[PDB]
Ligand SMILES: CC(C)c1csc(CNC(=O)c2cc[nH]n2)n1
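One chain comes next, on its own, written as structure tokens: the form deposited without the named molecule.
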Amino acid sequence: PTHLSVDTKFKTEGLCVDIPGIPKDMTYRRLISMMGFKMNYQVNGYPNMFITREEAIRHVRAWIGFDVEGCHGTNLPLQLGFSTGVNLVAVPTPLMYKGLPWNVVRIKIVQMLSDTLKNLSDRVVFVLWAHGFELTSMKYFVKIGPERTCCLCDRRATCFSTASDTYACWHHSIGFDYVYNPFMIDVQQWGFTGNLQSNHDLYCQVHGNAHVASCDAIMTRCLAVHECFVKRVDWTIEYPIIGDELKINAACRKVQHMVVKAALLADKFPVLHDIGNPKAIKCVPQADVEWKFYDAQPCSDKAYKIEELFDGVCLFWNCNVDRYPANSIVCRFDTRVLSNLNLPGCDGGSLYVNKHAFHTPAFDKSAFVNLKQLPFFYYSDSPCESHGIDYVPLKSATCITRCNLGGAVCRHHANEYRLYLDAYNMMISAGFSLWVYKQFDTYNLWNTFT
């Protein structure tokens, strides 16, 4: 069992107000045919327009909530809403566009999807709370067929052009008019009682219902993220590299070692309490400190209450708590960050996808009231020696080295400082924020050179 069988039953109760008389007994095969699509018994990488929940989770970066509201359906205009916030009105003759024929609406759909998804995914997964009009509107902007490649590159085709009779991926589809071989999933098939708003509002207070199609599209994708990444968590699923994942992860390890090593040198804590990842390793293995570990998996719903969790210093490296103790070293992902790795999430939270998917609770400035922002600094006690890249003399008050103490930064420590600054800026721009106990002072590191 790899894909969703077309002979699987599709519950049609949610469709019967828009489609009265619809059979209760219905397969994906018959539904796809009713939607105006002919599959022609094809064994060419596209067995079904609909996909399993497991396949949707593997392709979370492709998810686009989609809703169609019958604005007045052959004779009536339709409001097409997307989880990007776009509302397009299609006439059969929070961004709200005026009524236009399908031949121009389809061009906009292709541009919008291509700009949203080109740096995220090789496909689109339309996330529905299906009532009928959305499924029957698909024929006006979707073409299907065998799996194909782009006319300008090796990527799989996501768009088709009637003007040129060619196929393109999301990066090369300028001027294309049809969405080609999209995927879709009906959330309503998962077993819910009551309408979209009542189920969404049980878990989220951030998305309202301004009664437009884009609001429903947003709520649908939000509910789907909640079910698949908040209440259910699968950390075995690996996601492809689409950006700076490796540099960010390597910068995270470098910054963690730097900051913890300096805090231990500056304040000489006898014990460190490492709270988080049950598979954590000592980030400063040469430190004299009594290192004690406490297991906590990432909280994907609400931040851990400090009282419900369980002297010296506490290390919370991505272990999200409601209020950090004053004696802490903290790395907290800022959910508001705009990046190709960070997808919109549930109840203010965000879905951070870097090797694994981590639904992260909303960033809250009040968690850090007992702490202060950790300032940038570079510390090194390694010998001053080049060994082995051109040079311009480094002058910096934050290069905490023996050579800078002696009045002149050596070439080795200048190269290491600049590499560290690049790693630091990478990690910060990825959305990570750093916080520390108020007594932390880098002036206390200079006396480690005596």
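Sequential numbering from 1, following the sequence displayed.
Missing here is the form solved in complex with the named molecule; even so, the following discussion is about that form.
The binding site of this unliganded chain is blocked: after the named molecule is superimposed from its pose in the bound PDB entry, three or more of its atoms come within 2.4 Å of the backbone or C-beta atoms. Of the heavy atoms in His211, some are within 4.5 Å of the named molecule in the bound PDB entry. When the named molecule is considered in the bound PDB entry, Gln79 lines it closely, a heavy atom lying within 4.5 Å. Taking the named molecule as it sits in the bound PDB entry, the stretch 215-248 comes within 4.5 angstroms of it through a non-hydrogen atom at just one residue, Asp216.
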